[PDB]
file coords_0.cif (mmCIF, C-alpha atoms and all ligand atoms)
data_query
loop_
_atom_site.label_atom_id
_atom_site.label_comp_id
_atom_site.auth_asym_id
_atom_site.auth_seq_id
_atom_site.Cartn_x
_atom_site.Cartn_y
_atom_site.Cartn_z
CA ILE A 1 174.16 106.41 187.18
CA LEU A 2 177.55 107.89 188.07
CA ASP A 3 178.01 110.83 190.44
CA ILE A 4 180.62 113.38 189.23
CA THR A 5 182.67 115.23 191.89
CA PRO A 6 185.46 117.78 191.13
CA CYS A 7 188.65 116.10 192.35
CA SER A 8 190.31 117.53 195.46
CA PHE A 9 191.45 121.17 195.44
CA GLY A 10 191.90 124.07 197.90
CA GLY A 11 193.88 127.09 199.08
CA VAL A 12 197.62 126.81 199.75
CA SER A 13 199.01 128.90 202.59
CA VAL A 14 202.80 129.01 203.10
CA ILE A 15 203.92 129.56 206.71
CA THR A 16 207.34 131.11 207.28
CA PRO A 17 209.50 132.68 209.93
CA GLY A 18 211.08 135.82 208.40
CA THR A 19 213.65 135.41 205.59
CA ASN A 20 216.15 137.04 208.03
CA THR A 21 215.47 134.05 210.41
CA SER A 22 215.22 131.04 207.99
CA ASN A 23 214.47 129.64 204.49
CA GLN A 24 212.54 126.66 205.99
CA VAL A 25 208.72 126.77 205.48
CA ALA A 26 205.57 124.77 206.29
CA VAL A 27 202.52 124.58 203.96
CA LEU A 28 198.81 124.36 204.79
CA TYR A 29 196.45 122.75 202.27
CA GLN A 30 193.29 124.54 203.42
CA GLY A 31 190.26 122.24 203.82
CA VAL A 32 192.19 119.26 202.32
CA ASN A 33 192.30 115.89 204.05
CA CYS A 34 195.93 114.97 203.20
CA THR A 35 195.24 111.43 202.20
CA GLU A 36 194.78 113.30 198.84
CA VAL A 37 198.08 115.34 198.89
CA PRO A 38 200.09 112.01 198.77
CA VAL A 39 197.71 110.90 195.92
CA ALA A 40 199.09 114.01 194.09
CA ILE A 41 202.78 112.83 194.63
CA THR A 42 204.22 121.95 190.82
CA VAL B 1 181.22 139.89 216.62
CA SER B 2 182.23 138.16 213.37
CA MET B 3 180.97 136.47 210.21
CA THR B 4 182.10 133.38 208.23
CA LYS B 5 185.53 133.74 206.55
CA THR B 6 184.86 133.25 202.82
CA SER B 7 187.83 132.62 200.55
CA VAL B 8 187.11 132.44 196.79
CA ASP B 9 189.38 131.04 194.09
CA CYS B 10 188.55 133.70 191.46
CA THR B 11 189.92 131.46 188.64
CA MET B 12 188.02 128.32 189.78
CA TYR B 13 184.82 130.39 190.05
CA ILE B 14 185.11 132.15 186.65
CA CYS B 15 186.92 129.46 184.59
CA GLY B 16 186.71 126.21 186.69
CA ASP B 17 189.51 123.88 185.39
CA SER B 18 189.51 125.39 181.81
CA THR B 19 192.99 126.68 180.87
CA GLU B 20 191.77 128.40 177.65
CA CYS B 21 189.37 130.37 179.86
CA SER B 22 192.27 131.07 182.29
CA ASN B 23 194.44 132.60 179.50
CA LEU B 24 191.51 134.92 178.63
CA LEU B 25 191.06 135.81 182.32
CA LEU B 26 194.75 136.91 182.55
CA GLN B 27 193.94 139.60 179.91
CA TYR B 28 191.78 141.35 182.60
CA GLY B 29 194.85 142.18 184.75
CA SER B 30 194.91 142.24 188.55
CA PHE B 31 191.12 141.91 189.23
CA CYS B 32 191.38 138.37 190.68
CA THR B 33 194.29 139.47 192.94
CA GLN B 34 192.15 142.45 194.07
CA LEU B 35 189.13 140.18 194.78
CA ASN B 36 191.28 137.73 196.80
CA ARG B 37 193.14 140.51 198.63
CA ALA B 38 189.80 142.08 199.61
CA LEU B 39 188.34 138.77 200.89
CA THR B 40 191.62 137.92 202.74
CA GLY B 41 191.42 141.38 204.39
CA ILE B 42 187.87 140.62 205.62
CA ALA B 43 188.91 137.09 206.73
CA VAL B 44 191.85 138.31 208.89
CA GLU B 45 189.60 141.00 210.40
CA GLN B 46 187.11 138.36 211.72
CA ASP B 47 189.85 137.12 214.07
CA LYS B 48 190.78 140.72 215.02
CA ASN B 49 187.13 141.46 215.94
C1 LIG C 1 190.64 111.80 206.34
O1 LIG C 1 190.09 110.76 205.48
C2 LIG C 1 190.12 109.40 206.06
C3 LIG C 1 189.48 108.41 205.08
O2 LIG C 1 190.35 108.22 203.95
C4 LIG C 1 189.38 109.43 207.40
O3 LIG C 1 189.47 108.09 208.00
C5 LIG C 1 188.18 107.55 208.45
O4 LIG C 1 187.82 108.18 209.73
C6 LIG C 1 186.54 107.73 210.32
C7 LIG C 1 186.37 108.43 211.67
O5 LIG C 1 187.47 108.09 212.55
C8 LIG C 1 186.53 106.19 210.43
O6 LIG C 1 185.19 105.76 210.77
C9 LIG C 1 186.91 105.51 209.10
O7 LIG C 1 186.94 104.07 209.29
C10 LIG C 1 188.27 106.03 208.62
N1 LIG C 1 188.63 105.38 207.35
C11 LIG C 1 189.87 104.96 207.09
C12 LIG C 1 190.11 104.41 205.68
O8 LIG C 1 190.76 105.00 207.94
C13 LIG C 1 190.01 110.45 208.35
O9 LIG C 1 189.32 110.43 209.63
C14 LIG C 1 189.91 111.83 207.70
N2 LIG C 1 190.46 112.88 208.57
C15 LIG C 1 189.68 113.74 209.21
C16 LIG C 1 190.39 114.81 210.06
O10 LIG C 1 188.45 113.71 209.13
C1 LIG C 2 218.25 140.65 210.72
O1 LIG C 2 218.00 140.64 212.16
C2 LIG C 2 219.17 141.10 212.95
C3 LIG C 2 218.85 141.02 214.45
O2 LIG C 2 218.57 139.66 214.83
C4 LIG C 2 219.54 142.52 212.51
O3 LIG C 2 220.79 142.90 213.14
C5 LIG C 2 219.73 142.65 210.99
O4 LIG C 2 219.97 144.06 210.69
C6 LIG C 2 218.51 142.09 210.24
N1 LIG C 2 218.73 142.11 208.79
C7 LIG C 2 218.54 143.18 208.02
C8 LIG C 2 218.70 142.96 206.51
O5 LIG C 2 218.28 144.28 208.51
#
call {"tool": "encode", "arguments": {"input": "coords_0.cif", "output": "structure tokens"}}
result
Amino acid sequence: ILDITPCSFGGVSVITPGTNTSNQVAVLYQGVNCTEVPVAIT
Amino acid sequence: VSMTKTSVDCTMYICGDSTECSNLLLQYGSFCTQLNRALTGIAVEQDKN
């Protein structure tokens, strides 16, 4: 017997200073343990 | 003072991983953006409260 689990997914929030301040951004993968974001290395 | 902040992925709920469902869901217009905007509005307000 195999368990089936839907493979990791979640909200993506993009965090920015204003465009008038910078084009650099940070990104939050909501409720994701980011061992799995490197496993996804658009 | 507050309640749990639900966020729903309207496409994962309706169509979960099916792209041929997702193309049909686009025919319904902005309703998933409305549903997510509404829940995001509630979620931000739980911190304000
Ligand atoms: C993210 O996932 C990893 C597992 O891939 C978690 O690492 C485990 O953490 C517990 C508690 O410290 C340890 O008992 C395990 O031995 C750890 N396993 C490994 C492979 O290191 C990691 O803690 C998770 N992150 C969070 C915030 O929960
Ligand atoms: C950007 O911010 C500066 C003040 O730091 C301001 O002078 C400028 O008018 C702002 N940009 C725009 C497009 O208004």
call {"tool": "residues_near_ligand", "arguments": {"input": "coords_0.cif", "ligand": "ligand LIG 2 (chain C)", "cutoff": "10 Å", "atoms": "all atoms listed in the file", "output": "list in words"}}
result
residues 18, 19, 20 and 21 of chain A
call {"tool": "closest_residue", "arguments": {"input": "coords_0.cif", "among": "A:35, A:22, A:8, A:42", "to": "chain B", "atoms": "all atoms listed in the file"}}
result
A:8
call {"tool": "closest_residue", "arguments": {"input": "coords_0.cif", "among": "B:30, B:2, B:40, B:46", "to": "chain A", "atoms": "all atoms listed in the file"}}
result
B:40
call {"tool": "closest_residue", "arguments": {"input": "coords_0.cif", "among": "B:26, B:21, B:36, B:45", "to": "chain A", "atoms": "only C-alpha atoms"}}
result
B:36
call {"tool": "residues_near_ligand", "arguments": {"input": "coords_0.cif", "ligand": "ligand LIG 1 (chain C)", "cutoff": "10 Å", "atoms": "only C-alpha atoms and all ligand atoms", "output": "PyMOL selection string"}}
result
chain A and resi 31-36
call {"tool": "closest_atom_pairs", "arguments": {"input": "coords_0.cif", "of": "chain B", "to": "chain A", "cutoff": "9 Å", "atoms": "all atoms listed in the file", "output": "Markdown table"}}
result
| residue | atom | partner | partner_atom | distance |
| --- | --- | --- | --- | --- |
| B:7 | CA | A:11 | CA | 8.3 |
| B:8 | CA | A:11 | CA | 8.9 |
| B:9 | CA | A:11 | CA | 7.8 |
call {"tool": "atom_distance", "arguments": {"input": "coords_0.cif", "atom1": "CA of residue 4 in chain B", "atom2": "CA of residue 16 in chain B"}}
result
23.2 Å
call {"tool": "atom_distance", "arguments": {"input": "coords_0.cif", "atom1": "CA of residue 13 in chain A", "atom2": "CA of residue 23 in chain B"}}
result
23.8 Å
call {"tool": "residues_around", "arguments": {"input": "coords_0.cif", "residues": "residue 22 in chain B", "least_positions_apart": "6", "cutoff": "12 Å", "atoms": "only C-alpha atoms", "output": "list in words"}}
result
residues 10, 11, 12, 13, 14, 15, 16, 28, 29 and 32 of chain B
call {"tool": "atom_distance", "arguments": {"input": "coords_0.cif", "atom1": "CA of residue 48 in chain B", "atom2": "CA of residue 35 in chain B"}}
result
20.3 Å
call {"tool": "decode", "arguments": {"input": "coords_0.cif", "residues": "range 18-33 of chain A", "atoms": "N, CA, C and O atoms", "output": "short mmCIF file (atom, residue, chain, number, x, y, z; two decimals), in the first residue's frame"}}
result
data_model
loop_
_atom_site.label_atom_id
_atom_site.label_comp_id
_atom_site.auth_asym_id
_atom_site.auth_seq_id
_atom_site.Cartn_x
_atom_site.Cartn_y
_atom_site.Cartn_z
N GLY A 18 9.28 50.31 -2.76
CA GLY A 18 8.61 50.88 -3.93
C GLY A 18 9.49 50.84 -5.18
O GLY A 18 10.72 50.89 -5.09
N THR A 19 8.88 50.82 -6.35
CA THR A 19 9.61 50.89 -7.63
C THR A 19 10.49 52.15 -7.69
O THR A 19 11.62 52.09 -8.17
N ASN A 20 10.02 53.27 -7.13
CA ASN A 20 10.78 54.51 -7.01
C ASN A 20 12.04 54.38 -6.12
O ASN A 20 12.94 55.20 -6.20
N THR A 21 12.10 53.36 -5.26
CA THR A 21 13.25 53.06 -4.39
C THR A 21 14.17 51.99 -4.98
O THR A 21 15.39 52.19 -4.97
N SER A 22 13.65 50.87 -5.48
CA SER A 22 14.48 49.79 -6.06
C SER A 22 13.70 48.79 -6.91
O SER A 22 12.50 48.61 -6.74
N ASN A 23 14.42 48.06 -7.78
CA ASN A 23 13.91 46.89 -8.50
C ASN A 23 14.26 45.55 -7.82
O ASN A 23 13.89 44.49 -8.33
N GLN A 24 15.01 45.56 -6.72
CA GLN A 24 15.33 44.35 -5.97
C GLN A 24 14.11 43.88 -5.17
O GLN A 24 13.41 44.70 -4.57
N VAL A 25 13.85 42.57 -5.11
CA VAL A 25 12.70 41.99 -4.40
C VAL A 25 13.10 40.74 -3.63
O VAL A 25 14.06 40.06 -3.99
N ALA A 26 12.34 40.40 -2.61
CA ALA A 26 12.43 39.13 -1.90
C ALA A 26 11.13 38.36 -2.09
O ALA A 26 10.10 38.97 -2.36
N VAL A 27 11.13 37.04 -1.99
CA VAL A 27 9.93 36.23 -2.24
C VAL A 27 9.70 35.25 -1.11
O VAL A 27 10.62 34.56 -0.69
N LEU A 28 8.47 35.18 -0.63
CA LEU A 28 8.05 34.29 0.43
C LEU A 28 7.22 33.15 -0.16
O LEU A 28 6.16 33.38 -0.73
N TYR A 29 7.68 31.92 0.02
CA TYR A 29 6.93 30.72 -0.33
C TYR A 29 6.13 30.29 0.90
O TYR A 29 6.66 29.68 1.82
N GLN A 30 4.87 30.69 0.95
CA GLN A 30 4.06 30.62 2.16
C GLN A 30 3.78 29.17 2.54
O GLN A 30 3.29 28.38 1.74
N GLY A 31 4.12 28.80 3.78
CA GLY A 31 3.94 27.44 4.29
C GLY A 31 4.78 26.37 3.58
O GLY A 31 4.44 25.19 3.65
N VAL A 32 5.85 26.76 2.89
CA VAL A 32 6.80 25.85 2.25
C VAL A 32 8.07 25.78 3.08
O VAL A 32 8.70 26.80 3.35
N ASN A 33 8.49 24.57 3.44
CA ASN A 33 9.83 24.33 3.94
C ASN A 33 10.77 24.29 2.73
O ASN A 33 10.68 23.39 1.90
#
